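One chain is shown next in structure tokens, namely the form deposited in one PDB entry.
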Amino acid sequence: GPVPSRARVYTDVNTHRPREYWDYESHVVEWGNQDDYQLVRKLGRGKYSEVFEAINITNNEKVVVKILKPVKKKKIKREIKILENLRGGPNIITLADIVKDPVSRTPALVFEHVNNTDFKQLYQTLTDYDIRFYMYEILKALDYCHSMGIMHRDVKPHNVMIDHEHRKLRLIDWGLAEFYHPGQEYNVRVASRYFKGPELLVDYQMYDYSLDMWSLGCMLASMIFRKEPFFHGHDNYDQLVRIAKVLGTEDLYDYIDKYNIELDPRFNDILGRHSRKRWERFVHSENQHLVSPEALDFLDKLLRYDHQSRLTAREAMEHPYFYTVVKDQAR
């Protein structure tokens, strides 16, 4: 069978916590009063929830209400417990309340309101500095959650709220997040296709915080190269092919060998033989102003097959890409 794996960092953070911290199945949900909120306008629907701007009638405060679509008690408890454990951490969305929505008979999560600009409009306006700055802000949230024993498992533009005017960022949507326990075999059916790590695509279950760093690298590539998505697969199998056309097949097969991974037989014909491509292949007149040696070196060190080889959040924050931003924030 496959060779086991452990996180390089924060390996045993949960092992030393009280059981209650990570044992979300045991959590008893603390309900507030649904009548404290009035819905104002619908912001969007997902597979898992519908989101509204709302108002707390008592405090006259703007809030956001996420009405949960029906999922197992355990899934709701996991998201609640994680949000509560992380509350107040850097750039983590603040869970203000949990209420019972009367019509749905489902829970509703009540969050702080972020004055977000839709990424589809914002990302084109972002300068070189802006990308560095917001990447650093995401890394603060990821280092925090990782240090707290939690994997996000769904890092993507949709889940990063940016109030541009205030240079304010929040990481949202902890509905897929999980506690890291060394040796645990996780569900590979997580995250969004274009951002899935190689570990997920080859069905390597003993993954860790490093998954988030692959997803982040996918985001960085899409931003600096003006290419959304960066890895555009048609399906889950083709997704690995798209990655292999860039990172090359030699390193892919090296990863599979190192972990003794059993490759799905579907994969063989389509995978072929591909060189590792130079990042400069993706540079053009429209994106060159965003691309530096620094940016490419950093990206190279996130987008690695071998989860153990990728930069940590904490390592990434020390990269030369960020020297200007670190200086400007100690102003």
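In this text, residue numbers run from 1 along the sequence as written. We call the rigid core the largest set of C-alpha positions that still match within 1.5 Å between the two forms. Shifts are known only where both forms have a C-alpha.
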{"property": "Stretch exceeding the other in mean C-alpha B-factor - 154 to 162, 99 to 107", "result": "99 to 107"}
{"property": "Higher-scoring stretch by recorded Cα B factor average, 126 to 134 or 207 to 215", "result": "126 to 134"}
{"property": "Most elevated Cα B-factor in the entry, residues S147, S222, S192, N85", "result": "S192"}
{"property": "Third assignment of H181 from its chain's C-alpha B-factors", "result": "lowest"}
{"property": "Chain-wide C-alpha B factor ranking for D235, given as lowest, middle or highest third", "result": "highest"}
{"property": "Entry-reported Cα temperature factor of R41, expressed as the chain third it lands in", "result": "middle"}
{"property": "For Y21, the third of its chain into which the C-alpha B factor falls", "result": "middle"}
{"property": "Ranked C-alpha temperature factor of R310 among modelled chain residues, by third", "result": "lowest"}
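Below, we refer to the form deposited in another entry, which is not included among the displayed structures.
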query	finding
Flagged residue of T94, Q205, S104, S192 - C-alpha shift reaching 2 Å or more between this form and the one not shown, core superposed	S104
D264: Cα shift of 2 Å or greater between this form and the one not shown (core-aligned)	yes
Mobile segments between this form and the one not shown - rigid core superposition, Cα shift of 2 Å or more, 3+ residues	101 to 106, 264 to 266
